[PDB]
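Protein chains in written order, with the authors' numbering: chain B, 37 to 50, 77 to 176, 179 to 354; chain D, 3 to 8, 13 to 121; chain F, 2 to 43, 47 to 120; chain A, 2 to 484; chain C, 10 to 109; chain E, 3 to 71, 80 to 98, 106 to 117. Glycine is no exception: its CB is placed at the ideal position from the N, C-alpha and C atoms. This report concerns only the one structure given below.
This is the structure:
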């Protein structure tokens with residue numbers, strides 16, 4: 037089966079409010095590109111947030127929220143906000159909200175009033193074996209299905225994560241980094257007396273976002289102990305050896321480590337994207353100074 | 003640590023083996039070595055007897071089998087000629103290619119010489 | 002947030018060096034780090053919300069002001085023949101930032117110490 | 002003094018200037034010239050030499066003055082004064098490589114020509130201004146004229162090697178002139194006739210060809226040029242006549258790959274040949290099989306396989322380079338996949354060679370010194386663009402069948418679960434590619450209880466169900482659902 | 010020239026200007042118009058590449074230390090009666106005269 | 003490993019006798035010079051006297067020097091730089114020195 041996060045696309049294996083965070087994203091984007099009295103807006107966005115407003119928005123500050131969106135530079139910052147995982151239908155939510163600021167308002171397309181969740185399978189796939197397959201991302205297995213019917217002896221467990229997100233913090237008012245918390249609960253996963261010898265297949269999704277977010281240096285708060293170079297290979301070997309050696313069973317277990325490209329099925333990323341570039345580089349620097 | 007036993015054009019058996027307490031599940035290899043001349047590769051037999059190889063003057067009369075279970079090779083020296091008087095090291099490469107003429111692998115045996 | 006400064010240069014009207022105002026844990030994203038008029042009587049760091057790291061308003065100094073978010077510290081250079089590199093090194097940690105507004109406000113705290 | 006050369010040029014007595022430049026030429030012709038007194042007190046000398054390069058210099062002392070030009074071009078901090086528009090004009094005009102002065106020159110001897118060639122490659126290696134100005138000035142049409150004018154011109158190795166090296170530098174730096182030479186001049190055609198002239202040394206052609214060092218390094222540099230120009234968006238770009246030209250290059254590479262370079266250039270020769278062999282049209286690839294029966298030939302399934310066995314030997318020889326893999330091991334593996342996948346004797350031959358060494362049935366699927374074990378250990382390497390290559394290789398050599406793949410690979414789920422969408426549905430189907438359901442030995446006995454992702458050791462007996470369930474033991478969902 | 014279907018002749022007209030050693034000769038064919046297609050070519054030694062519709066029927070010969078370039082196609086249908094041409098492969102010089 | 007011993011007197015208007023000795027043992031040095039590294043620019047060639055005939059002083063000033071087969083004479087208050095000897106057969110055998 038496959039445990040893991042909700043941020044690596046698990047289907048590959050097969077009244078709504080609270081999106082005002084671009085002000086924290088653009089402030090963390092190293093370019094001051096405001097368009098109005100922005101301190102009168104986002105603080106107004108923190109004027110009465112946190113509880114139930116007069117609707118999902120309210121016509122007082124829905125005006126200034128649409129004014130914040132009226133900055134097209136804020137839309138440029140949102141379009142550049144790869145390191146700011148907001149809601150993927152934020153433009154859809156904004157187009158609903160600008161038509162929703164007037165009263166007697168209801169949208170009817172993203173959710174049905176009476179949703180997409182990964183959920184359960186417990187399927188048989190019958191591929192010349194038995195091959196149980198299961199997922200645990202929901203907290204729905206907290207009623208009387210506590211890891212059903214003593215189903216252990218799991219032939220493989222899966223702990224996938226993406227590594228290019230630690231500077232963005234889930235738990236509020238802290239900077240407890242995401243990879244730091246992932247290697248926190250991996251210690252509760254591995255040393256446990258359930259899955260003692262079986263394969264801890266440790267996926268590592270999203271290679272390219274790491275490859276282009278290593279320009280953010282790896283010594284800010286993520287690994288304040290030590291840091292190698294800024295190249296992908298040494299940092300990847302560093303995090304791999306770290307996460308592998310965190311397992312207290314170093315030799316009796318047989319940890320399987322992998323790496324992958326996220327969504328590129330096309331053959332242009334097989335030899336044509338980077339391999340020919342490296343061969344060109346070495347054929348160039350294999351010569352000169354005559 | 004290999005070893006194997008040994013007037014007209016005659017048929018002669020040469021049942022080389024792994025009987026020198028030898029692990030040989032890789033591809034084996036035969037070698038002539040005449041007095042004064044260096045080592046001469048003649049026979050390449052892969053496991054399961056699939057591919058075969060001879061040099062340009064041994065192919066038609068010196069066929070060679072392989073009982074790959076017992077890791078033994080049975081050589082049928084048919085129609086003996088004046089190019090018989092070479093010592094013969096059974097050998098076994100450790101590569102994955104039909105590699106000729108280079109002595110890139112040990113286990114060179116003790117070597118037998120036909121009379 | 003409740004932080005003190007030090008640093009400065011040499012007392013010869015030629016002391017060109019660094020100054021160190023080291024913060025507590027971080028400066029908030031709806032905040033910043035700045036300073037006041039930079040004398041104990043008769047404003048070096050024109051840092052701002054994100055990137056408008058401006059210069060001195062009433063002094064027009066050559067102060068190579070810099071902060072270190074990776075080190076939670078403002079490392080400023082009150083250099084280049086500073087006769088306005090006096091004692092009361094006010095560095096102000098902020099709670100809001102618009103335009104490097106170094107005019108005795110825009111500060112969650114007012115640091116205290118010396119310089120040179 | 003060589004410092005005083007710049008002051009002796011000011012008076013400009015001809016014997017003093019020429020003799021001081023001559024002795025300075027034979028002294029400082031080496032790489033990495035003067036260290037202190039040149040960035041302040043030879044840039045003046047560089048300025049005056051650029052100024053005298055501007056006028057056409059006298060018919061004598063040309064080798065000396067252009068050798069001084071080359072020597073000052075060896076340093077880093079004089080390219081800013083030696084890499085201007087009119088300086089490049091003068092150096093091309095003495096180089097006879099610009100189309101601005103093509104019907105002009107009285108027939109030049111090759112010495113000053115190759116000297117100017119050396120100055121040109123020295124500048125174009127390390128001036129991006131010269132990159133811009135070469136893409137501006139379009140030297141490559143006269144360079145193509147020079148490389149096409151070889152079967153009638155007796156131009157030796159030095160001039161030949163050096164101007165196609167200049168071509169290699171310009172095609173390494175400027176992709177606009179890359180595609181310009183690709184479409185606009187049929188550079189693959191001109192490079193194929195250049196390759197025919199390099200191979201035409203006739204090195205006992207009926208046995209294996211043996212190219213000597215000079216023409217060997219020419220073929221190596223023109224193969225660098227060919228790999229420089231051959232890659233760009235060619236992956237499914239098929240034409241009949243262009244495929245015929247690609248097929249001529251393919252059969253020429255077929256005759257070339259089983260060779261041996263002089264000295265010690267054979268490994269890099271083989272690597273550059275297979276680099277050129279890599280990115281071709283895959284439908285045009287299977288001509289590698291197109292080899293006749295012969296004496297001394299590894300005949301398998303009735304067909305020749307000698308070049309495939311030779312490149313497999315090259316793969317095993319190349320795999321040991323652990324410092325730089327993705328240059329050295331990727332293109333042979335990809336071309337071996339594509340030639341294996343388009344031919345049933347190829348697939349059957351490599352599927353009979355590298356896979357069916359089974360391991361000793363106990364130990365783990367990654368320990369062992371066999372080539373299969375090497376590829377298994379390579380598949381988990383942190384380079385994605387070799388791990389996908391080896392995964393595709395073992396999949397397409399495993400006859401496109403997942404239960405065959407898991408029957409010798411434990412991490413193959415993590416390999417092919419993303420290659421196809423999980424691979425546990427209809428995709429990479431049951432083999433019409435011969436493929437019968439009977440691969441066998443005395444194995445699979447332990448695989449009657451095939452605990453598959455590990456090698457299958459039956460020692461899984463800690464139960465630990467001490468009391469009930471989940472009691473501080475599997476109530477870890479309370480920190481999980483946020484994740 | 011109006012050949013009865015089933016055989017042909019060794020064509021063998023010599024080129025004009027260069028030597029037939031390490032200069033790969035070839036053959037082109039052309040229906041009576043612009044439409045002209047390459048037939049076959051031979052490398053530095055006797056390695057002859059072919060099109061699909063010339064497989065088995067057509068033999069090409071560079072024939073080194075012999076003068077011409079001989080071509081023995083056999084078992085011809087009525088779908089070859091067109092004009093052919095002969096020149097070097099890696100450089101296409103001025104053409105010859107033509108085949109009736 | 004070739005190194006030096008370049009000190010430096012932190013006071014205006016005086017002499018500077020510095021040293022740059024041979025430790026690395028590599029042949030073909032033959033010319034020991036200087037550099038002036040002011041705190042706001044590139045390092046500046048001053049005592050370029052290669053022991054190859056006649057010495058050559060500072061291009062800017064005439065603070066008089068010598069070479070040790080050094081002694082910088084009559085400094086000024088403002089012409090301040092991070093001083094280094096400079097021998098070379107590789108390129109940059111600077112060594113380490115001080116400033117005033």
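**Study point:** the stretch 56-69 of chain D contacting the stretch 325-339 of chain A, beta-carbon criterion three pairs below 8 Å
**Key:** no
Check your understanding: So residue 186 of chain A and residue 131 of chain A are in contact, right, with Cβ under 8 Å, and what is the actual spacing, rounded?
Key -> Sequence index remark: in the fourth chain, residue 186 of chain A carries index 185 (1-based). Sequence index remark: in the fourth chain, residue 131 of chain A carries index 130 (1-based). Rounded, the Cβ-Cβ distance is 21 Å, inconsistent with contact.
Point to revise | Residue from A:51, A:137 and A:189 whose Cα sits closest to the Cα of residue 148 of chain A | key: Walking along the fourth chain from the start, residue 148 of chain A turns up at place 147. Looking at the Cα atoms, A:189 is the closest of the given residues.
Check your understanding: Do residue 53 of chain C and residue 218 of chain A have their C-beta atoms closer together than 8 Å?
Key -> Within the fifth chain, residue 53 of chain C is the residue found at index 44, counting from 1. Within the fourth chain, residue 218 of chain A is the residue found at index 217, counting from 1. Their beta carbons are not under 8 Å apart, which means residue 53 of chain C does not touch residue 218 of chain A by this criterion.
Review point. How would you list, in chain order, the residues of chain A whose beta-carbon sits under 9 Å from the beta-carbon of residue 107 of chain E?
Key: Along the sixth chain, read from residue 1 onward, the residue named residue 107 of chain E stands at position 90. Chain A residues near residue 107 of chain E: 33 and 36.
Exercise for review: Check the Cβ-Cβ distances between residue 415 of chain A and every residue of chain B, and say whether any is below 8 Å.
Suggested key: On the fourth chain, residue 415 of chain A is found 414 positions in, with the first residue counted as 1. Yes - at least one Cβ of chain B is within 8 Å of the one on residue 415 of chain A.
Practice item. Please name the residue in F:9, F:27 and F:7 whose C-alpha comes closest to that of residue 238 of chain B. Key: Counted from its first residue, the first chain places residue 238 of chain B at position 174. Answer by Cα proximity: F:27.
Review point. Looking at C-beta atoms only, is the number of pairs between the stretch 16-24 of chain F and the stretch 69-82 of chain F that lie closer than 8 Å three or more?
Key: yes
Check your understanding: So, using beta-carbon positions, are residue 29 of chain F and residue 4 of chain F closer together than 8 Å?
Key -> One-based indexing of the third chain puts residue 29 of chain F at position 28. One-based indexing of the third chain puts residue 4 of chain F at position 3. Result no, Cβ atoms of residue 29 of chain F and residue 4 of chain F do not sit closer than 8 Å.
Exercise for review: Say whether chain A places a C-beta atom closer than 8 Å to the C-beta of residue 67 of chain C.
Suggested key: If you number the fifth chain from 1, residue 67 of chain C lands on position 58. It does not: the Cβ of residue 67 of chain C has no partner Cβ on chain A nearer than 8 Å.
Exercise for review: Check whether the Cβ of residue 69 of chain C sits closer than 7 Å to any heavy atom of the ligand SAH, and report yes or no.
Suggested key: This structure lacks the ligand SAH; in fact it carries no ligand of any kind.
Check your understanding: Does residue 201 of chain A come within less than 8 Å of chain C when only Cβ atoms are used?
Key -> Your numbering for residue 201 of chain A matches position 200 in the fourth chain. Yes - at least one Cβ of chain C is within 8 Å of the one on residue 201 of chain A.
Review point. Nearest chain D C-beta to residue 436 of chain A closer than 8 Å, yes or no?
Key: Position 435 of the fourth chain, counting from 1, holds the residue named residue 436 of chain A. Not an interface residue.
Check your understanding: What does residue 2 of chain A reach in chain E if we use C-beta pairs closer than 7 Å?
Key -> Translated into positions along the fourth chain, residue 2 of chain A becomes position 1. Within 7 Å Cβ-Cβ: 54 and 55.
Check your understanding: Can you give the Cα-Cα distance for residue 463 of chain A and residue 257 of chain B, rounded to whole angstroms?
Key -> In the fourth chain, the residue the question calls residue 463 of chain A occupies position 462. In the first chain, the residue the question calls residue 257 of chain B occupies position 193. Roughly 8 Å separates the two Cα atoms.
**Study point:** 3-residue-minimum beta strand (DSSP E) runs that sit fully inside the stretch 4-39 of chain E, ordered along the chain
**Key:** 35-39
Practice item. Return the residue from the list A:409, A:425 and A:151 that minimises the CA-CA distance to residue 452 of chain A. Key: Numbered from its first residue, the fourth chain carries residue 452 of chain A at position 451. Per the Cα distances, A:409.
Review point. Smallest Cα separation from residue 75 of chain D: which of D:31, D:96, D:94 and D:21?
Key: As a working note, residue 75 of chain D is residue 69 in the second chain. That would be D:31, whose Cα lies nearest to the Cα of residue 75 of chain D.
Review point. Taking Cβ to Cβ, would you say residue 5 of chain A is nearer than 8 Å to residue 35 of chain E?
Key: For the purposes of this step, residue 5 of chain A is taken as residue 4 along the fourth chain, with counting starting at 1. For the purposes of this step, residue 35 of chain E is taken as residue 33 along the sixth chain, with counting starting at 1. No, Cβ-Cβ distance for residue 5 of chain A and residue 35 of chain E is not below 8 Å.
Point to revise | chain D residues whose Cβ lies nearer than 9 Å to that of residue 317 of chain A | key: Numbered from its first residue, the fourth chain carries residue 317 of chain A at position 316. Those are 101, 102 and 103, listed as they occur along chain D.
Check your understanding: Cβ of residue 85 of chain C within 8 Å of Cβ of residue 14 of chain C?
Key -> Taking the first residue of the fifth chain as 1, we reach residue 85 of chain C at position 76. Taking the first residue of the fifth chain as 1, we reach residue 14 of chain C at position 5. Yes; because the gap between Cβ atoms is below 8 Å, this pair is in contact.
Check your understanding: So what does DSSP say about residue 195 of chain A, is it helix, strand or coil?
Key -> Walking along the fourth chain from the start, residue 195 of chain A turns up at place 194. Residue 195 of chain A: helix per DSSP, three-state reduction.
Check your understanding: In terms of residues, what are the limits of the alpha helix (DSSP H) holding residue 303 of chain B?
Key -> Residue numbering aside, residue 303 of chain B sits at position 239 when the first chain is read from its first letter. Counting along the chain, the alpha helix (DSSP H) containing residue 303 of chain B begins and ends at 296-309.
Practice item. Note the first and the last residue of the continuous beta strand (DSSP E) segment covering residue 258 of chain A. Key: What you label residue 258 of chain A is simply residue 257 of the fourth chain in a count that begins at 1. No beta strand (DSSP E) holds residue 258 of chain A; the alpha helix (DSSP H) holding it covers 241-258.
Point to revise | Straight-line gap, residue 91 of chain A to residue 25 of chain A (C-alpha atoms, nearest Å) | key: For this step, residue 91 of chain A is matched to residue 90 along the fourth chain. For this step, residue 25 of chain A is matched to residue 24 along the fourth chain. Near 22 Å, if we compare the C-alpha coordinates of residue 25 of chain A and residue 91 of chain A.
Review point. Are residue 120 of chain A and residue 71 of chain A closer than 8 Å when you measure CB to CB?
Key: Position 119 of the fourth chain, counting from 1, holds the residue named residue 120 of chain A. Position 70 of the fourth chain, counting from 1, holds the residue named residue 71 of chain A. Yes.
Exercise for review: For the stretch 315-347 of chain A, enumerate the residues whose C-beta is nearer than 8 Å to any C-beta of chain B, in chain order.
Suggested key: 325, 327, 328, 331, 332 and 335
Exercise for review: Please decide whether residue 137 of chain A counts as near chain D, where near means a Cβ-Cβ distance under 8 Å.
Suggested key: Locating residue 137 of chain A in the fourth chain gives position 136, where the first residue counts as 1. For residue 137 of chain A, the answer is no, since every Cβ of chain D falls outside 8 Å of its Cβ.
Review point. Mapping DSSP to helix, strand and coil, what is residue 480 of chain A?
Key: Along the fourth chain, one-based indexing puts residue 480 of chain A at 479. Helix at residue 480 of chain A.
Exercise for review: Ignoring anything shorter than 4 residues or poking outside the stretch 304-339 of chain A, list the alpha helix (DSSP H) runs there in chain order.
Suggested key: 307-319 and 326-329
Practice item. Give me the Cβ distance between residue 30 of chain C and residue 37 of chain C, rounded to the nearest whole Å; I'm assuming they're in contact under 8 Å. Key: In the fifth chain, counting from the first residue as 1, residue 30 of chain C sits at position 21. In the fifth chain, counting from the first residue as 1, residue 37 of chain C sits at position 28. Contact doesn't hold; Cβ gap of about 21 Å is too wide.
Exercise for review: For chain A, find out if any of its Cβ atoms is closer than 8 Å to the Cβ of residue 52 of chain C; answer yes or no.
Suggested key: Here residue 52 of chain C refers to the residue found at position 43 of the fifth chain. For residue 52 of chain C, the answer is yes, since a Cβ of chain A falls inside 8 Å of its Cβ.
Review point. If residue 139 of chain B and residue 191 of chain B are in contact, beta carbons under 8 Å, what's the gap, nearest whole angstrom?
Key: Taking the first chain and counting its residues from 1, the one referred to as residue 139 of chain B is at position 77. Taking the first chain and counting its residues from 1, the one referred to as residue 191 of chain B is at position 127. Not a contact, Cβ separation roughly 47 Å.
Exercise for review: Grab me the residues of residue 369 of chain A's own chain with a C-beta within less than 7 Å of its C-beta, minus the 5 sequence neighbours each way, in chain order.
Suggested key: As a position in the fourth chain, residue 369 of chain A is number 368, starting the count at 1. Once the five neighbours on either side are set aside, the close Cβ partners of residue 369 of chain A are 360.
Check your understanding: Going by the beta-carbon positions, is the gap between residue 80 of chain E and residue 38 of chain E smaller than 8 Å?
Key -> For this step, residue 80 of chain E is matched to residue 70 along the sixth chain. For this step, residue 38 of chain E is matched to residue 36 along the sixth chain. It is not a contact, given that the beta carbons lie outside the stated cut-off.
Point to revise | Option in F:10, F:120 and F:97 with minimal Cα separation from residue 36 of chain F | key: The residue you call residue 36 of chain F lines up with position 35 of the third chain. Minimum Cα distance to residue 36 of chain F is reached at F:97.
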